[PDB]
Amino acid sequence: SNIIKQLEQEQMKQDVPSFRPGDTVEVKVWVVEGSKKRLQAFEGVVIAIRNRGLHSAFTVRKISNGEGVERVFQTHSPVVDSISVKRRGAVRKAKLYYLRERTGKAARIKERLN
Amino acid sequence: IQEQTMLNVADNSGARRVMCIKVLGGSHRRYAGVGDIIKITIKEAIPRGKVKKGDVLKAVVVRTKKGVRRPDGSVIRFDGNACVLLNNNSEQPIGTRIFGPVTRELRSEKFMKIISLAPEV
Amino acid sequence: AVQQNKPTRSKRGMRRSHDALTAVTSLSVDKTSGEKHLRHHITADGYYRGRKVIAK
Amino acid sequence: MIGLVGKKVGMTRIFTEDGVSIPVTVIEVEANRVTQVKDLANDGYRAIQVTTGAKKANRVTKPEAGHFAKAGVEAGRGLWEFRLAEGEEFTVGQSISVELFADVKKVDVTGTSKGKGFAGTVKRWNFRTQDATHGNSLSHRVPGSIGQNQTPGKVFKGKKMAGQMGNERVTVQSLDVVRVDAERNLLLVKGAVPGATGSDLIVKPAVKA
Amino acid sequence: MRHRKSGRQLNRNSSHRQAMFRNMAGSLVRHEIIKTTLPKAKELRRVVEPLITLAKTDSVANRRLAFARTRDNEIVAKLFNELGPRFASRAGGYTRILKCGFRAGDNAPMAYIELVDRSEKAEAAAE
RNA sequence: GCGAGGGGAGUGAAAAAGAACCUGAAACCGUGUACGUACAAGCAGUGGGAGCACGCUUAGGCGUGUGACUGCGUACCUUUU
RNA sequence: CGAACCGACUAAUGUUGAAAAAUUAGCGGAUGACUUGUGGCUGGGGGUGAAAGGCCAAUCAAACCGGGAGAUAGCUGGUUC
RNA sequence: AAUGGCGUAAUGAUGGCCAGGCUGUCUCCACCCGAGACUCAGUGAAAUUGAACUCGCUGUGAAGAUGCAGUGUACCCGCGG
RNA sequence: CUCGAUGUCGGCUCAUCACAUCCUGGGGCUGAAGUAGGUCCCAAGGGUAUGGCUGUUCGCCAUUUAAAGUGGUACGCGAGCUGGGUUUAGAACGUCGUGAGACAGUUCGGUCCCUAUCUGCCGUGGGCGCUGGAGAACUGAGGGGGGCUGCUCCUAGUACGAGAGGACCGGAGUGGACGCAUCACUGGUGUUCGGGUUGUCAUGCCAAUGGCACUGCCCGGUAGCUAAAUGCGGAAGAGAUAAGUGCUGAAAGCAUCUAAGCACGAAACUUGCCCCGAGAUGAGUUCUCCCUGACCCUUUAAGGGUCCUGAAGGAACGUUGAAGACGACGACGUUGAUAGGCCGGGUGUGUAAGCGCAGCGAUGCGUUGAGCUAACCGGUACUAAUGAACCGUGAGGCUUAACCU
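Report follows, based on the coordinates.

1. Overview of the overall build of chain B
Logical step 1: Across its full length, chain B holds 0 helices and 7 strands.
Logical step 2: Mapped from its N terminus to its C terminus, chain B presents α and β elements in the order β-β-β-β-β-β-β.
Logical step 3: Relative to the globule expectation of 14 Å for 121 residues, the C-alpha radius of gyration of chain B, 14 Å, shows essentially globular dimensions.
Logical step 4: Considered along the principal axes of its C-alpha atoms, chain B spans approximately 45 × 35 × 25 Å.
Logical step 5: The buried share of chain B, taken over its 121 residues, is 46%.
Logical step 6: Sequence separation of 24 or more characterises 46% of the internal contacts of chain B that already satisfy a separation of 6 or more.
Logical step 7: Of the roughly 6600 Å² of accessible surface on chain B, 53% is carried by carbon and sulfur atoms.
Logical step 8: A distance of 4 Å separates the average location of the 23 positive side-chain charges in chain B from that of its 11 negative side-chain charges.

2. Points about helix α3 (residues 74-86) of chain E
Residues and elements named next belong to chain E.
Logical step 1: With 13 residues, α3 extends 17 Å between its outermost C-alpha atoms, agreeing within 8% with the 18 Å of an ideal straight helix rising 1.5 Å per residue.
Logical step 2: The sharpest bend along α3 measures roughly 45° and falls at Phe 80.
Logical step 3: Buried residues of α3: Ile 75, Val 76, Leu 79, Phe 80, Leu 83 and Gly 84, and no others.
Logical step 4: In this fold, the buried residues of α3 make contact with α1 (17-30) and α2 (38-52).

3. Details of the sheet that holds strand β7 (residues 85-86) of chain B
Logical step 1: Read from one edge to the other, the open sheet built from 3 strands follows the order β3-β4-β7 (chain B), with strand pairing classed as antiparallel. Of all the strands in the sheet, just β3 (38-41) and β7 of chain B have a single pairing partner and so form its edges.

4. Description of α1 of chain E
Logical step 1: The terminal C-alpha atoms of α1 of chain E lie 20 Å apart, and with 14 residues this matches the ideal 20 Å at 1.5 Å per residue to within 8%.
Logical step 2: Those residues of α1 of chain E lying buried are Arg 17, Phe 21, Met 24, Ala 25, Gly 26, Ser 27, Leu 28 and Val 29 of chain E.

5. Side note on the interface of chain E and chain C
Logical step 1: Facing 12 residues of chain E, the contacting portion of chain C comprises 10 residues.
Logical step 2: Summing both partners gives a buried area of about 1000 Å² for chain E against chain C, and 46% of it is carried by carbon and sulfur.
Logical step 3: Taken together, the links from chain E to chain C amount to 2 salt bridges.
Logical step 4: In this structure, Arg 51 of chain C engages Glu 123 of chain E in a salt bridge whose closest nitrogen and oxygen atoms are separated by 3.4 Å.
Logical step 5: Linking chain E with chain C are 5 residue pairs in polar contact, by the criterion used here.
Logical step 6: Within the side of chain E that touches chain C, the residues separate by chemical class into 6 nonpolar, no polar and 6 charged.

6. Overview of the arrangement of the chains
Logical step 1: Of all 5 pairs of chains in contact, the one with the most contacts involves chains A and B.
Logical step 2: At their nearest point, the C-alpha atoms of chain C and chain D are still 16 Å apart, with no contact between the two.
Logical step 3: One finds no contact linking chain A with chain E; the least C-alpha distance across the pair is 19 Å.

7. Let's talk about the protein's contact with RNA strand G
Residue and element names in this part refer to chain D.
Logical step 1: Every residue close to RNA strand G is listed here: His 134, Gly 135, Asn 136 and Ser 137.
Logical step 2: Within 4 Å of the protein, the atoms of RNA strand G are drawn from sugar and phosphate moieties in a proportion of 100%.
Logical step 3: Contacts to RNA strand G include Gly 135, whose backbone N or O atom sits 2.9 Å from a sugar or linking oxygen.
Logical step 4: Between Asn 136 and RNA strand G, the recorded distance is 2.3 Å, taken from a backbone N or O atom to a phosphate oxygen.

8. Considerations on the packing of α1 of chain E against α3 of chain E
All names here are of chain E.
Logical step 1: Running from N to C, α1 and α3 cross one another at 45°; their axes reach a closest spacing of 9 Å. It follows that α1 is oblique to α3 by the angle criterion. As α1 runs across α3, the sense of the crossing is left-handed. Contacts from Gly 26, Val 29 and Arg 30 of α1 reach α3 at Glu 74, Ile 75, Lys 78, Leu 79 and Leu 83.
Logical step 2: Considering only residue class, the contact of α1 with α3 consists of 4 nonpolar, 1 polar and 3 charged.

9. Side note on the pattern of salt bridges
Between side chains of opposite charge, a pair can form when the charged atoms approach closely.
Logical step 1: Applying the stated criterion to the full structure yields 24 salt bridges over all chains.
Logical step 2: Here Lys 204 of chain D makes a salt bridge to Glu 81 of chain D, at a shortest N to O gap of 2.8 Å. On the criterion of sequence distance, the pair formed by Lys 204 of chain D in the segment after α1 (62-66) and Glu 81 of chain D in the segment after α1 is long-range, its members being 123 residues apart. Pair check on accessibility: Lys 204 of chain D and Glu 81 of chain D agree, each one buried.
Logical step 3: Notably, a salt bridge pairs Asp 58 of chain E with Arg 63 of chain E, separated by 3.8 Å at the nearest N-O pair.
Logical step 4: Overall, the relative accessible area of 36% leaves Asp 58 of chain E in the partly exposed class.
Logical step 5: A network of salt bridges, in which partner residues are shared, links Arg 16, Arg 17 and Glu 44 of chain B.

10. Some points on a positive patch on the surface
All names here are of chain A.
Logical step 1: Judged by side-chain charge, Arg 92, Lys 105, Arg 108 and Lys 110 come together as a positively charged surface patch.
Logical step 2: Tracing the backbone shows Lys 105 in the segment after β2 (73-74).
Logical step 3: Of the residues examined, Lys 105 reaches a relative accessible area of 61% and is grouped as exposed.

11. Considerations on the interface of chain A and chain B
Logical step 1: Contacts between chain A and chain B engage 13 residues on the former and 15 residues on the latter.
Logical step 2: Here chain A meets chain B over a buried area of about 1200 Å², counting both sides, of which 48% is carbon and sulfur.
Logical step 3: Viewed at the interface, chain B and chain A are joined by 5 residue pairs in polar contact.
Logical step 4: For the side of chain A that touches chain B, a count of residues per class yields 4 nonpolar, 3 polar and 6 charged.

12. Concerning unusual backbone geometry
Excluding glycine, residues mostly carry a negative phi; peptide bonds, for their part, are mostly trans.
Logical step 1: In this structure, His 37 of chain C takes a positive phi of about 60° despite not being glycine.
Logical step 2: Its identity as a non-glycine residue notwithstanding, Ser 145 of chain D has a phi of 65°, on the positive side.
Logical step 3: Along the polypeptide, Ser 145 of chain D turns up in the segment after α1.
Logical step 4: Relative accessible area serves as the criterion here: at 58%, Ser 145 of chain D is assigned to the exposed category.

About the criteria used
Residues numbered from 1 in each chain as written, not as in the entry; some residues may be left out. Chains lettered and ligands numbered in written order. Part of a larger assembly, values for the part shown. Heavy atoms only, no water. Helix = DSSP H or I, 4+ residues; strand = E, 2+ residues; numbered from the N terminus. Rg over C-alpha atoms; globule rule 2.2 N^0.38 Å. Buried < 20%, exposed > 50% of the residue type's maximum accessible area, 1.4 Å probe, protein only. Contact = heavy atoms within 4.5 Å. Areas by Shrake-Rupley, 256 points an atom, 1.4 Å probe, with all protein chains shown as cover. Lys, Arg positive; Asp, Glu negative; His and termini not counted. Charge placed at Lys NZ, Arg CZ, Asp CG, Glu CD. Expected span 1.5 Å × (residues − 1). Bend = angle between axes of the 7 residues up to and from the residue. Pairing = 2+ DSSP bridges. Buried area = accessible area lost by both parts, 1.4 Å probe. Salt bridge = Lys/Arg side-chain N within 4 Å of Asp/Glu carboxyl O. Polar contact = N/O pair within 3.5 Å; in protein donor to acceptor, adjacent residues only side chain to side chain. Nonpolar A, V, L, I, M, F, W, Y, C, P; charged D, E, K, R; others polar. Near = heavy atom within 4 Å. Axes fitted to C-alpha atoms, helices over the stretch in contact; angles between N-to-C directions. Parallel < 35°, antiparallel > 145°, perpendicular 65-115°, else oblique. Left-handed = near helix turned anticlockwise from the far one by under 90°. Patch = residues over 30% accessible without salt bridge, like charges linked within 9 Å, V, L, I, M, F, W, Y side chains within 5 Å.

Below you can see the structure in the form of structure tokens.
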């Protein structure tokens, strides 16, 4: 299966993720969502970022929201949320990826790295 | 979510900690997260309110660390443990408003009051 | 874990069945018209064909 | 009445908002019929099947010759079939990875249960309390100590003891199918499927009845 | 065993396996042949050859281990100066094994590993 | 192995008296040979009994060994109703 | 408060042990009715005892050794062609 | 009510109950690192033991049977647990 | 029957049977409208609660559930765990006694041994046998596993009902508990991968590294293994029934389910589904492969024996494995990817080392998302898998039936 089963993993991510996110991107990655009866709608979740660049299904990037109370969406890469497109918080990743320091406060995940 | 287990009120009239003492669904339901009905027990409460302290009632589960996922498989885990008591035998969510976010599965048909409040998800 | 009457004879003489030893069978290899041991070339000099261990 | 083929891993087709597609790639490479019998010295219907790239060069001998009975290309181990009113040695002697069996329906599979080798109570059941730390007396995993005192007993034959493990049949049953690409041999299911790339599987229609 | 591909061990601490295997690894370089069980042997080459590849660099890279894998930089210096450039051709592979077997007292296979000098050439008899 | 141990040769009436040394039994442990023996239940024998290995005889229907198959059929002692 | 030192509250292991009382992790006292080396003094119905019938050489509701002694045994066992 | 009565700060490896923290004690176990367990080479125990050709079931019977009766079943022999 | 020892109650673990059935299944009567019940018959497939108090069994109480069955199994289960109750020695209270002490009272403390020979089991190999020897694919006599059930909607707010309420039959979805498989997802682990950091010894020193201190402490994580994760299964359908229901029908001018004679009828029984399965000695079937050289002595149909041959195949060895305690089982052995190495990629860590510059310096920035990187994926014979040797033969017993020259 040089290029056969490992083949679907490829014939689907042909997308244009972010290719380079340095945390804190508080974007609502418009996520298709759904709602019922009508509405297709599309809304997202403000981010922080820590992922896993893996197994085709780049099922990750626990986006981290503090809206009112507490925590994460492990929003994959594969099709139903109209791209991560927006990266607003530049970078400055502490011990880089896997910056899981769940503790809400004046302890910014200081962004900015230009 | 197994007996014991401290759960917070996400609605009102009987603050803070609330003790889960059972899990319905039948014989041997070990857990129950997402948005199942759960027999609760108030242990703190604000001096006021119309629901005092130590009132064995049942309730729902709004935000639970165990997570909730579906579709794509992505998950929404809320590190908290939401109750939201319901006036017991004439089932219905007792209270006025709900606090914080809620779950999209919580919008389960027969419920509905709770989700038109707590502006979120 | 104690035992009680046990027959030295017959019994045991049966388990011994799965206890007999075994035979090899191997070659001599081109050079050594004998030894070669098992799947080895030869120990005399420890060479399969030349300078291996010690030889000419 | 169907074909068998090596499992070979499994993946999904993570739909946009789903991933429902959770099959398991089961390269369904066609077979080689031509071999069967009826009432003149044998059993019932039956139908031999063989598919793989066995080194016809050197490994298996008698079977290659046994295959000469009007066949083509000897693969691995041959399996049989049954009634269904199929073709025969009277037209070709070469099945395919698709015909009239239908589509979208559910197709059961039977990989080869791995085998964790010897296993115990706790293992072959996943049930037996106790501790470890202040224990060190009955340190959990024990059979948990099972039997009587002074009783007929017979340790009761068949009671779940340690036992071992190892390649074994299975049969999942059900399991719909999301896709298929004939010739290309690419059958998909929906998770499950026993074995782990090192099996064979029979992939039958669905003995649901 | 349990279920699939993992491995590499013999009764010993993996906390200490590094030494019981590194000193021995630095020996092949010091010499050529070393009788030491099919196990230690069949296991030895993964520390010798992988450390052999550090030739092409002959800079900071090769020196990823000098002051550590051996008190003296003897063996390491012997590498990027001799062993490295020796087998420069067919990179893959290197050390071979030749069964000796039977260790006296405790019937354990011996072998001894090697590396070059005895090229697989249809040589004749010399020296 | 300038071992142990042994094999010859010689001492001797004898070493089938070699220092472990007179005679050397029994338990117990082996090698060899004849027969029985891997679909059959139990104090293992006893009664019947074919076959097989040898031995019989100027056949004459036998002796020795072993025993397939088969009727039976729960050791001895003590203490006790 | 806490090492040495002295002691032994808990659990696991050991229980044909490493060990006829210990090992491992904790635990109590630690300038005192403290702790320890050497030598001395109390003798069996006797000693010593912050007292448990505890200790008096792996022995204690009366030490060990030798003797009266073949104590006695209306009991158990065994009893030979 | 000094074979003391009722209190009592302090102290307690002391008995009973509650709480916070804490957690594999538990729901419910998973993985991993080591010492055994397994395999090879060397050395080499133990208690026990009338004799064994040492199956299940129902009944029998000194009253809970591998050994009796009926019957069912079961090729021969190891190794791990 | 046991006193030359058969360990007590309760708990844990793990059970196995009965039926006098708790739930679910099928019926009869009801003072049965419906819904729910009452009772009796049939029925053992499967299922049959977590806690508070107490040593408890039990019980009462809180809250579930379709339901929280009764009982046998040395009041099942200590050469399997526990040691809370209860009989050792310590001490105390009440009470008894002049007292030693005692209690069918209470109270605090108080050593639970055994490496399994036989039967029995769970797994798993070695013989030999199935009549020439092999390699395979089956048949299926038998054997086991599995058999739970909630809620909702439609039917139908209909039948029924004064309303209140609310079905049957049949169907559709989603659950609880249980079972099997499997890591693609979510996660755990991941002392063999990367990083941070405390103390200290060393590699001459700076720098950079390494040993040790639980992997020193710690952050994260590949593969694999995994549950809390994911996917599927307890079904329909048949046969013959249980109770029950009946038809037609006399004995017994009617009647009658029965005596002749037909028909229904349950999670029980046979089967259907999954696994094992020809040692099924009653050793079955089918397909394919291999062996067609000479003599001798007997007590001659029984053979015994020598030389020449040795195939198909098996095994042995080696490289190994998602296979495994060892055996077994699978892959590969130069006609080669079977291991290891090597190339590339993935991944995980998180921007190395060195050099340059800024800053007194700690330190920072650039080189640079670098450096390193495993069990992984794609590929590559570099190393090791050597040519032979070993076992297994040489055309297959008699009798009869059918085919024949």
